[PDB]
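Trainee: Encoded as structure tokens, here's the structure I'll be asking about.
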Amino acid sequence: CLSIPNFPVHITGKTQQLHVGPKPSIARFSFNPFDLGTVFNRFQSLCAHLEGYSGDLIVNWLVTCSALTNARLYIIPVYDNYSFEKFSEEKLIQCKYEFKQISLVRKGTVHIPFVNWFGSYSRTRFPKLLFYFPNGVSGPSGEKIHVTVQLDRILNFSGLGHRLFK
Amino acid sequence: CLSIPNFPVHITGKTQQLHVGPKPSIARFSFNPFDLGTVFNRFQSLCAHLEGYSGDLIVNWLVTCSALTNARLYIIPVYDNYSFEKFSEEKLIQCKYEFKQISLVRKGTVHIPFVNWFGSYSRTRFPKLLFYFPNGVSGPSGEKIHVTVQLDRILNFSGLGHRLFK
Amino acid sequence: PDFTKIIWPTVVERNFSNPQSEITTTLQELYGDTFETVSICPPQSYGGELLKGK
Amino acid sequence: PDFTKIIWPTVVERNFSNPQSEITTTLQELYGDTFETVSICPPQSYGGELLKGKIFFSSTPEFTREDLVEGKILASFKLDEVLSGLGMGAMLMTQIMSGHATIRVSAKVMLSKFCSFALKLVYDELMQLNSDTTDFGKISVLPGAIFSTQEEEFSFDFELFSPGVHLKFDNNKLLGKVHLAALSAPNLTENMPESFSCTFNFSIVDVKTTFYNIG
């Protein structure tokens, strides 16, 4: 298997809107570089022939709101490709998750350690990062906050396999 | 020549409007106490017979805006009576000019050292202070910021000449 | 410097170097960057690690 | 206290004493008073202070044999053009709008070992000699020196004079006029070149910038 200590990919995900309101909101960002779009990203140009890879992800996350907008933010990893519609805040506080007020901390970097039951990420196995606003978002009269993430790099990269070039 | 170490004049210039917008803006304040208006200022009451004077100027400057208004401010001296319509920000950063964000610093005192090629200020030779907003002013929906300066005093004053009382 | 320059094949290209980021229009205490690591923590008052041995 | 109180005539009246100012409705870190001093700073990576001691202009004009009569002006240089040319030395100098400049000028003519004539290098400071002057009454008295053009290369310094304290450079077509004047016919005139080549190198001896151009 090829090993890459640092592998920059600079892939930015789609920016996701959130209208202001009291309803609990979730923004899901899957981190699947094997996912193809209009252009092939730096990951696919060099390691798309692989069947699966392994390594820690670094993600730059950003929440753009007004200066008079309040919200609590829970950044939650989701491994092994599970689907969560609702979160139990009791469970999050029991796991010592700390929420951040987007009126004070609305920029950050998330290190995602490698966690997969199968042993590697793939086209079908990838981590998810869920931005969970439990109280919704309280903003000025029709605001939409935007949550945008960028997969910055992959640390301690390892990859195996050899797919067919379709 | 008569010499005055400290000479208070308390002359306030005209307050100048600036509409909010992205266009680069300049507010010019000439400091010409020989300029007459409706009333004779403290400078003219005692030293209007002079042909020209010399000394460092002290100017209190003030920018009145809202609390949700952003702008970068370059306070630029202009000596020898030159006219600048546009400024080269490359040239300003090369001369180590520092801009101030009016959402953080919107009051100040500017010391203007004596700089004139002719050797003195006069009716036609005077310094100018230019408040240059390179990115315009970003304010709440029709705001106008006001820039107002006051010539506080003249330090190390010296004056010569004897004009005719017209 | 000629063609006999030895080339070390690296995957890190210098088309994007140190991305500096500086706060401009407000105070830092009003705008903070957090660096976290999203690891899995079993809960405090329950979780199978209490049944270990039982 | 009576009328014999001695009066010291001061211009500072007590109708406006210490103007205190206090922040009320917000935090200080959100409302700051800056006290600055707007002085002139020459730029960091350019500005005439880098040319101090170095050449900034160079021409190589020519003059014919028939122009080597006594008094004839051979080459001329307006200082307002030498300081506003197209070279890199000049473009660094046109950014200085006002200040001081002491300028060195050097002349050098390439000759055989046969011909040798004397030349005066004059600094006409009020620009009173057009290039079509064969006077020698004006040449003999202008500030400058004579030199032999075969074994020698002659240079001298001159300070640009301002009526005021500094010298406004912007739009100043009255900075002086340097000339190379012929004092005598050549040594030998038969079977000789019909034209010569003189090199002029203007250098900066000293520059001070009292105001710098900004766009």
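In the structure tokens, chains take letters A, B, ... by order of appearance, with residues numbered from 1 within each chain and ligands from 1 in the order shown.
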Could you fit chain A onto chain B with a least-squares superposition over all C-alpha atoms, matched one to one in order, and give me the transformed chain as a PDB file with C-alpha atoms, in the first residue's frame?
Mentor:
ATOM      1  CA  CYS A   1       9.322  87.444  13.861  1.00  0.00           C
ATOM      2  CA  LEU A   2       6.948  86.850  16.762  1.00  0.00           C
ATOM      3  CA  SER A   3       7.190  83.429  18.388  1.00  0.00           C
ATOM      4  CA  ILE A   4       4.389  81.675  20.270  1.00  0.00           C
ATOM      5  CA  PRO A   5       5.117  78.283  21.876  1.00  0.00           C
ATOM      6  CA  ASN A   6       1.469  77.286  22.193  1.00  0.00           C
ATOM      7  CA  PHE A   7      -1.262  79.121  20.282  1.00  0.00           C
ATOM      8  CA  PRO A   8      -4.801  77.779  20.735  1.00  0.00           C
ATOM      9  CA  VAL A   9      -7.199  78.617  17.916  1.00  0.00           C
ATOM     10  CA  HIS A  10     -10.157  76.174  18.300  1.00  0.00           C
ATOM     11  CA  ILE A  11     -11.234  76.428  14.658  1.00  0.00           C
ATOM     12  CA  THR A  12     -13.592  73.666  13.528  1.00  0.00           C
ATOM     13  CA  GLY A  13     -13.843  72.755   9.886  1.00  0.00           C
ATOM     14  CA  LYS A  14     -17.007  72.013   7.998  1.00  0.00           C
ATOM     15  CA  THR A  15     -18.396  68.559   8.738  1.00  0.00           C
ATOM     16  CA  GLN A  16     -18.345  66.451   5.579  1.00  0.00           C
ATOM     17  CA  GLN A  17     -20.889  63.772   4.695  1.00  0.00           C
ATOM     18  CA  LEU A  18     -20.130  60.405   3.158  1.00  0.00           C
ATOM     19  CA  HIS A  19     -22.869  58.142   1.869  1.00  0.00           C
ATOM     20  CA  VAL A  20     -22.419  54.416   2.321  1.00  0.00           C
ATOM     21  CA  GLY A  21     -21.249  52.565  -0.753  1.00  0.00           C
ATOM     22  CA  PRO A  22     -18.430  50.539  -2.283  1.00  0.00           C
ATOM     23  CA  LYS A  23     -16.872  53.453  -4.175  1.00  0.00           C
ATOM     24  CA  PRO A  24     -13.576  54.822  -2.805  1.00  0.00           C
ATOM     25  CA  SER A  25     -14.179  58.055  -0.933  1.00  0.00           C
ATOM     26  CA  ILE A  26     -12.042  61.045   0.044  1.00  0.00           C
ATOM     27  CA  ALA A  27     -12.815  63.814   2.526  1.00  0.00           C
ATOM     28  CA  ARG A  28     -10.475  66.792   2.133  1.00  0.00           C
ATOM     29  CA  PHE A  29      -9.833  69.207   4.989  1.00  0.00           C
ATOM     30  CA  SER A  30      -7.619  72.171   4.185  1.00  0.00           C
ATOM     31  CA  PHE A  31      -6.129  73.875   7.230  1.00  0.00           C
ATOM     32  CA  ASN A  32      -5.967  77.532   6.212  1.00  0.00           C
ATOM     33  CA  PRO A  33      -6.740  79.801   9.172  1.00  0.00           C
ATOM     34  CA  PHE A  34      -6.237  82.815   6.905  1.00  0.00           C
ATOM     35  CA  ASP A  35      -9.441  81.708   5.183  1.00  0.00           C
ATOM     36  CA  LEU A  36     -12.231  84.030   6.275  1.00  0.00           C
ATOM     37  CA  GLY A  37     -15.868  83.208   6.922  1.00  0.00           C
ATOM     38  CA  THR A  38     -18.688  85.013   8.655  1.00  0.00           C
ATOM     39  CA  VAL A  39     -16.695  85.586  11.852  1.00  0.00           C
ATOM     40  CA  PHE A  40     -12.973  86.091  12.361  1.00  0.00           C
ATOM     41  CA  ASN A  41     -11.398  83.184  14.190  1.00  0.00           C
ATOM     42  CA  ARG A  42      -8.896  83.425  17.025  1.00  0.00           C
ATOM     43  CA  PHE A  43      -6.065  83.091  14.513  1.00  0.00           C
ATOM     44  CA  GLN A  44      -7.169  86.081  12.446  1.00  0.00           C
ATOM     45  CA  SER A  45      -7.936  88.289  15.449  1.00  0.00           C
ATOM     46  CA  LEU A  46      -4.255  88.297  16.427  1.00  0.00           C
ATOM     47  CA  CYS A  47      -2.220  87.243  13.386  1.00  0.00           C
ATOM     48  CA  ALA A  48      -4.128  88.249  10.258  1.00  0.00           C
ATOM     49  CA  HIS A  49      -1.751  91.106   9.477  1.00  0.00           C
ATOM     50  CA  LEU A  50       0.987  88.523   8.896  1.00  0.00           C
ATOM     51  CA  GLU A  51       2.091  87.481   5.427  1.00  0.00           C
ATOM     52  CA  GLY A  52       2.852  83.921   6.473  1.00  0.00           C
ATOM     53  CA  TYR A  53       3.358  81.765   9.516  1.00  0.00           C
ATOM     54  CA  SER A  54       5.045  78.541  10.565  1.00  0.00           C
ATOM     55  CA  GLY A  55       4.311  75.891  13.144  1.00  0.00           C
ATOM     56  CA  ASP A  56       3.061  72.408  13.857  1.00  0.00           C
ATOM     57  CA  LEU A  57      -0.689  71.860  13.697  1.00  0.00           C
ATOM     58  CA  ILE A  58      -2.729  69.748  16.110  1.00  0.00           C
ATOM     59  CA  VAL A  59      -6.046  68.516  14.722  1.00  0.00           C
ATOM     60  CA  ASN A  60      -8.824  66.673  16.521  1.00  0.00           C
ATOM     61  CA  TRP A  61     -10.557  64.397  14.041  1.00  0.00           C
ATOM     62  CA  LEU A  62     -13.820  62.578  14.535  1.00  0.00           C
ATOM     63  CA  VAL A  63     -15.806  60.049  12.498  1.00  0.00           C
ATOM     64  CA  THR A  64     -19.436  59.635  13.525  1.00  0.00           C
ATOM     65  CA  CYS A  65     -21.066  56.447  12.240  1.00  0.00           C
ATOM     66  CA  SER A  66     -23.356  53.728  13.541  1.00  0.00           C
ATOM     67  CA  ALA A  67     -22.301  50.697  15.559  1.00  0.00           C
ATOM     68  CA  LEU A  68     -22.798  48.384  12.554  1.00  0.00           C
ATOM     69  CA  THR A  69     -20.691  50.392  10.095  1.00  0.00           C
ATOM     70  CA  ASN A  70     -17.335  49.233   8.721  1.00  0.00           C
ATOM     71  CA  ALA A  71     -14.673  51.204   6.873  1.00  0.00           C
ATOM     72  CA  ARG A  72     -10.918  51.472   6.564  1.00  0.00           C
ATOM     73  CA  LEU A  73      -9.553  54.970   7.060  1.00  0.00           C
ATOM     74  CA  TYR A  74      -6.274  56.374   5.744  1.00  0.00           C
ATOM     75  CA  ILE A  75      -5.416  59.788   7.174  1.00  0.00           C
ATOM     76  CA  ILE A  76      -2.985  61.273   4.659  1.00  0.00           C
ATOM     77  CA  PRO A  77      -1.142  64.606   4.839  1.00  0.00           C
ATOM     78  CA  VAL A  78      -0.787  66.648   1.668  1.00  0.00           C
ATOM     79  CA  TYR A  79       1.859  69.376   1.670  1.00  0.00           C
ATOM     80  CA  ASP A  80       2.984  71.930  -0.930  1.00  0.00           C
ATOM     81  CA  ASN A  81      -0.627  72.170  -2.149  1.00  0.00           C
ATOM     82  CA  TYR A  82      -0.815  69.155  -4.416  1.00  0.00           C
ATOM     83  CA  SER A  83      -4.101  67.717  -5.648  1.00  0.00           C
ATOM     84  CA  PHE A  84      -4.670  63.963  -5.418  1.00  0.00           C
ATOM     85  CA  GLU A  85      -7.831  62.537  -6.931  1.00  0.00           C
ATOM     86  CA  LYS A  86      -6.896  58.869  -6.489  1.00  0.00           C
ATOM     87  CA  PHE A  87      -4.441  57.170  -4.154  1.00  0.00           C
ATOM     88  CA  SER A  88      -2.299  54.123  -4.874  1.00  0.00           C
ATOM     89  CA  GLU A  89      -2.750  51.771  -1.929  1.00  0.00           C
ATOM     90  CA  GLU A  90       0.483  50.066  -2.959  1.00  0.00           C
ATOM     91  CA  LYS A  91       2.201  53.424  -2.447  1.00  0.00           C
ATOM     92  CA  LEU A  92       0.541  53.926   0.941  1.00  0.00           C
ATOM     93  CA  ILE A  93       1.555  50.503   2.235  1.00  0.00           C
ATOM     94  CA  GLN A  94       5.059  51.073   0.881  1.00  0.00           C
ATOM     95  CA  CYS A  95       5.234  54.265   2.964  1.00  0.00           C
ATOM     96  CA  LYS A  96       4.074  52.299   6.026  1.00  0.00           C
ATOM     97  CA  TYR A  97       0.762  54.113   6.384  1.00  0.00           C
ATOM     98  CA  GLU A  98      -1.509  52.266   8.789  1.00  0.00           C
ATOM     99  CA  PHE A  99      -5.248  52.222   8.234  1.00  0.00           C
ATOM    100  CA  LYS A 100      -7.729  52.233  11.102  1.00  0.00           C
ATOM    101  CA  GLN A 101     -11.090  50.471  11.182  1.00  0.00           C
ATOM    102  CA  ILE A 102     -13.717  53.054  12.100  1.00  0.00           C
ATOM    103  CA  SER A 103     -15.643  50.346  13.937  1.00  0.00           C
ATOM    104  CA  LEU A 104     -12.753  50.276  16.424  1.00  0.00           C
ATOM    105  CA  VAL A 105     -10.962  53.649  16.213  1.00  0.00           C
ATOM    106  CA  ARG A 106     -13.080  56.641  15.181  1.00  0.00           C
ATOM    107  CA  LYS A 107     -11.563  59.512  17.179  1.00  0.00           C
ATOM    108  CA  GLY A 108      -8.074  60.878  17.219  1.00  0.00           C
ATOM    109  CA  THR A 109      -5.497  63.632  17.239  1.00  0.00           C
ATOM    110  CA  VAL A 110      -3.178  64.268  14.297  1.00  0.00           C
ATOM    111  CA  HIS A 111       0.089  66.139  14.710  1.00  0.00           C
ATOM    112  CA  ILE A 112       1.086  67.815  11.436  1.00  0.00           C
ATOM    113  CA  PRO A 113       4.756  68.841  11.397  1.00  0.00           C
ATOM    114  CA  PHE A 114       5.659  71.929   9.423  1.00  0.00           C
ATOM    115  CA  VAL A 115       6.380  70.920   5.826  1.00  0.00           C
ATOM    116  CA  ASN A 116       6.334  73.520   3.069  1.00  0.00           C
ATOM    117  CA  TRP A 117       8.744  74.057   0.205  1.00  0.00           C
ATOM    118  CA  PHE A 118       8.392  77.840   0.300  1.00  0.00           C
ATOM    119  CA  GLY A 119       9.265  78.084   3.988  1.00  0.00           C
ATOM    120  CA  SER A 120       5.918  79.067   5.530  1.00  0.00           C
ATOM    121  CA  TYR A 121       2.164  78.744   5.296  1.00  0.00           C
ATOM    122  CA  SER A 122       0.097  81.573   3.877  1.00  0.00           C
ATOM    123  CA  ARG A 123      -3.255  82.357   2.285  1.00  0.00           C
ATOM    124  CA  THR A 124      -2.267  80.111  -0.624  1.00  0.00           C
ATOM    125  CA  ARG A 125       0.092  77.647   1.085  1.00  0.00           C
ATOM    126  CA  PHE A 126      -1.514  75.381   3.666  1.00  0.00           C
ATOM    127  CA  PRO A 127      -1.530  71.703   4.609  1.00  0.00           C
ATOM    128  CA  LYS A 128      -4.352  69.353   3.742  1.00  0.00           C
ATOM    129  CA  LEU A 129      -5.540  66.276   5.625  1.00  0.00           C
ATOM    130  CA  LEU A 130      -7.259  63.679   3.456  1.00  0.00           C
ATOM    131  CA  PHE A 131      -9.470  61.009   5.001  1.00  0.00           C
ATOM    132  CA  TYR A 132      -9.329  58.265   2.380  1.00  0.00           C
ATOM    133  CA  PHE A 133     -11.742  55.339   2.585  1.00  0.00           C
ATOM    134  CA  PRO A 134     -10.449  52.846  -0.005  1.00  0.00           C
ATOM    135  CA  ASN A 135     -13.328  50.360   0.254  1.00  0.00           C
ATOM    136  CA  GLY A 136     -15.985  52.975   0.787  1.00  0.00           C
ATOM    137  CA  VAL A 137     -18.187  52.732   3.858  1.00  0.00           C
ATOM    138  CA  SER A 138     -20.430  49.770   4.705  1.00  0.00           C
ATOM    139  CA  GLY A 139     -23.365  50.929   6.790  1.00  0.00           C
ATOM    140  CA  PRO A 140     -27.009  50.166   7.567  1.00  0.00           C
ATOM    141  CA  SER A 141     -29.236  51.027   4.622  1.00  0.00           C
ATOM    142  CA  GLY A 142     -28.859  54.721   3.913  1.00  0.00           C
ATOM    143  CA  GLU A 143     -26.464  55.763   6.661  1.00  0.00           C
ATOM    144  CA  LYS A 144     -24.209  58.749   6.152  1.00  0.00           C
ATOM    145  CA  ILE A 145     -21.046  58.906   8.172  1.00  0.00           C
ATOM    146  CA  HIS A 146     -19.830  62.365   9.088  1.00  0.00           C
ATOM    147  CA  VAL A 147     -16.167  63.349   9.257  1.00  0.00           C
ATOM    148  CA  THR A 148     -15.452  66.457  11.324  1.00  0.00           C
ATOM    149  CA  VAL A 149     -12.111  68.001  12.247  1.00  0.00           C
ATOM    150  CA  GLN A 150     -11.096  70.860  14.521  1.00  0.00           C
ATOM    151  CA  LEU A 151      -7.819  72.729  14.322  1.00  0.00           C
ATOM    152  CA  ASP A 152      -7.019  72.662  18.042  1.00  0.00           C
ATOM    153  CA  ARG A 153      -3.801  74.655  18.370  1.00  0.00           C
ATOM    154  CA  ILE A 154      -0.511  75.582  16.725  1.00  0.00           C
ATOM    155  CA  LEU A 155       2.709  74.499  18.425  1.00  0.00           C
ATOM    156  CA  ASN A 156       5.973  76.402  17.972  1.00  0.00           C
ATOM    157  CA  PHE A 157       4.319  79.257  16.128  1.00  0.00           C
ATOM    158  CA  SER A 158       6.361  81.776  14.144  1.00  0.00           C
ATOM    159  CA  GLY A 159       5.081  84.453  11.794  1.00  0.00           C
ATOM    160  CA  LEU A 160       6.386  87.238   9.603  1.00  0.00           C
ATOM    161  CA  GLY A 161       5.111  89.948   7.306  1.00  0.00           C
ATOM    162  CA  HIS A 162       2.733  92.873   7.513  1.00  0.00           C
ATOM    163  CA  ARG A 163      -0.190  92.970   5.109  1.00  0.00           C
ATOM    164  CA  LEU A 164      -2.455  95.895   4.318  1.00  0.00           C
ATOM    165  CA  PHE A 165      -5.733  96.021   6.232  1.00  0.00           C
ATOM    166  CA  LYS A 166      -8.323  95.693   3.481  1.00  0.00           C
TER     167      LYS A 166
END
Trainee: From stretch 2-130 of chain D, collect each residue whose DSSP state is helix (DSSP H, G or I) and return the set as a list in words.
Mentor: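 Of stretch 2-130 of chain D, only residues 28, 29, 30, 48, 49, 50, 65, 66, 67, 79, 80, 81, 82, 88, 89, 90 and 91 of chain D fall in helix (DSSP H, G or I).
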Trainee: Could you write out the selected residues, including C-alpha atoms, as a compact mmCIF listing (two decimals), in the first residue's frame?
Mentor:
# COMPACT_ATOMS: atom_id res chain seq x y z
CA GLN D 28 -12.95 50.98 25.43
CA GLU D 29 -11.67 48.23 23.13
CA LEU D 30 -14.63 49.19 20.92
CA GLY D 48 15.66 58.27 -4.40
CA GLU D 49 17.58 57.42 -1.23
CA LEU D 50 18.69 54.19 -2.94
CA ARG D 65 34.13 68.50 -36.43
CA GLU D 66 32.60 71.69 -37.83
CA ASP D 67 30.98 72.40 -34.44
CA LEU D 79 17.88 68.94 -15.61
CA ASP D 80 14.08 68.79 -15.69
CA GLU D 81 14.37 66.18 -18.45
CA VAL D 82 17.31 64.26 -17.00
CA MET D 88 14.73 53.23 -13.99
CA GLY D 89 16.96 55.83 -12.36
CA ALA D 90 14.68 58.65 -13.45
CA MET D 91 11.36 56.96 -12.64
Trainee: For residue D:199, please output as a ChimeraX atom specification all residues within 12 Å (counting only C-alpha atoms; exclusion window: fewer than 6 positions along the same chain).
Mentor: /D:57-63,75-76,105-110,149,153-155,180
Trainee: Put those residues in a file: C-alpha atoms, as a compact mmCIF listing (two decimals), in the first residue's frame.
Mentor:
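Heads up, here's the output in part_17.txt:
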# COMPACT_ATOMS: atom_id res chain seq x y z
CA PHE D 57 21.21 58.87 -15.96
CA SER D 58 23.46 58.34 -18.94
CA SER D 59 23.47 59.74 -22.46
CA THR D 60 25.88 59.48 -25.37
CA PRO D 61 25.34 62.36 -27.79
CA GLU D 62 27.55 63.31 -30.72
CA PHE D 63 28.98 66.43 -32.30
CA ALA D 75 25.78 68.87 -25.93
CA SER D 76 23.01 70.11 -23.67
CA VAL D 105 27.81 65.05 -13.56
CA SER D 106 30.67 63.49 -15.50
CA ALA D 107 31.78 63.83 -19.11
CA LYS D 108 34.03 61.62 -21.21
CA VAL D 109 34.99 61.91 -24.88
CA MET D 110 36.60 59.08 -26.85
CA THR D 149 39.19 65.16 -23.84
CA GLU D 153 37.28 62.14 -17.77
CA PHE D 154 35.98 65.14 -15.88
CA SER D 155 33.28 65.26 -13.22
CA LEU D 180 29.49 70.99 -23.03
Trainee: Write down as number ranges by chain the residues of stretch 21-126 of chain D whose backbone DSSP state falls under strand (DSSP E or B).
Mentor: D: 33-37, 52, 55-59, 62-64, 73-78, 96-109, 118-124
Trainee: Residues of chain C within 10 Å of chain A: nearest atom pair and distance (Å, one decimal) for each, counting only C-alpha atoms, sorted by chain and number, as CSV?
Mentor:
residue,atom,partner,partner_atom,distance
C:10,CA,A:4,CA,9.1
C:11,CA,A:7,CA,6.6
C:12,CA,A:8,CA,6.6
C:13,CA,A:8,CA,8.5
C:16,CA,A:10,CA,9.4
C:28,CA,A:104,CA,9.0
C:29,CA,A:104,CA,7.1
C:30,CA,A:104,CA,5.0
C:31,CA,A:104,CA,5.4
C:32,CA,A:105,CA,4.8
C:33,CA,A:108,CA,4.8
C:34,CA,A:108,CA,4.6
C:35,CA,A:109,CA,4.8
C:36,CA,A:110,CA,5.3
C:37,CA,A:111,CA,4.5
C:38,CA,A:112,CA,5.5
C:39,CA,A:113,CA,6.7
C:40,CA,A:95,CA,8.1
C:41,CA,A:95,CA,5.5
C:42,CA,A:95,CA,5.9
C:43,CA,A:95,CA,4.5
C:44,CA,A:94,CA,5.9
C:45,CA,A:94,CA,7.4
C:46,CA,A:94,CA,8.7
